[PDB]
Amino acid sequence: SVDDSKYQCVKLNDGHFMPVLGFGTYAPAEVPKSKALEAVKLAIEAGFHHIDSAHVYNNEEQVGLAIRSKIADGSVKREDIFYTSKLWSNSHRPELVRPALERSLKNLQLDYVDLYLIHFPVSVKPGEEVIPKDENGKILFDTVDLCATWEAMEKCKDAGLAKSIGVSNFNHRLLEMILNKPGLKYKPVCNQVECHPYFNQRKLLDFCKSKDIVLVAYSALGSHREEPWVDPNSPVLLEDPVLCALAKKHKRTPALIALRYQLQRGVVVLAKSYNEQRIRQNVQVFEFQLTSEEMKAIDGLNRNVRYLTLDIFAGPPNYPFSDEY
């Protein structure tokens, strides 16, 4: 249609530009990986320019192939795709960071990722098991200085393997640990965290904005709800009457209201869908705007509901969700 050469982005603190709507690629293991290949191709056709994955999603072969397929048919150029990967917690030791990035890049068959994140701040012992456990099912925790992990991330950006580097699931204290590290070369460009109208992350968002860190929202639609990661008793975000009222007023959908909320408060928003219609629906976030009154109504929904506690990882001080923010 009218002008597909341009799209909305935000300038990161390292000078790179991030598209403000990202396509989420995680799906529960029961969904065939074929659907990831299909869905990324559809997302790129629909106008997503930012694609979010991770080693632990076990889909980088498919996601990379979808990107390469869309480049080879002329649909998009590599410069106009912003691809994120993440370093899993079995590779936090500094000597394991670049090996893990190179392994992701070999799976993707890409030369570089646009963004590499520390996925989660609790370290687990190295090896092929992504969640290694003892005989009673308790995680095997590892002891790693994330400031040393971050210096290994910085060397990946100097090597050109990652254009930008950031973090995910960090709280205030862990962000200050990085920002205050002696000899810091690059600040994180982003903190990717759960964020939606039931857990709007006000306080953490303000801190990130005070440092020119972009907050990137995952579970912006209320999450995948996969058991046993998400409590099935938790409220379903998109049933909320305020979201539904706003959707009816705008002739949009609750999902669109939840995405647009994030864009207007300065957050970069992810959205996963493997459904062709809903992929195309989600790019309609650029076709309407919420009034101040509507933003205030959504701010009023905040209610302390964290879908993704990751509490199997609790105990070490780097477990990020016990602090206020």
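One-based numbering along the sequence shown. What we label the rigid core is the largest C-alpha set whose atoms superpose within 1.5 Å from one form to the other.
- Stretch comparison, 156-164 versus 138-146: after rigid core superposition, larger RMS CA deviation in 8 other deposited structures of this protein is found for 138-146.
- Stretch 129-137 is the one, of 129-137 and 115-123, whose CA positions lie farther from the shown form in 8 other deposited structures of this protein once all structures are superposed by the rigid core.
- Annotation for 29-37 versus 281-289: the higher mean temperature factor (C-alpha) is found in 29-37.
- On average the C-alpha atoms of 224-232 have higher B-factors than those of the other stretch, with 85-93 and 224-232 being the two compared.
- Take 191, 164, 200, 143 and read off each C-alpha B-factor from the entry; 143 has the highest.
- By the numbers in the PDB entry, the CA B factor is greatest at 135 among 114, 102, 135, 154.
- When the CA B factors of the chain's modelled residues are split into thirds, the value for residue 174 lands in the middle one.
- Annotation for residue 262: CA B-factor lies in the lowest third of the chain's modelled residues.
- For residue 168, the recorded CA B-factor ranks within the lowest third of the chain. Only modelled residues enter the ranking.
- Ranked against the other modelled residues of its chain, the C-alpha B-factor of residue 119 as given in the entry falls in the lowest third.
- Among the modelled residues of the chain, residue 303 sits in the highest third by CA temperature factor in this PDB entry.
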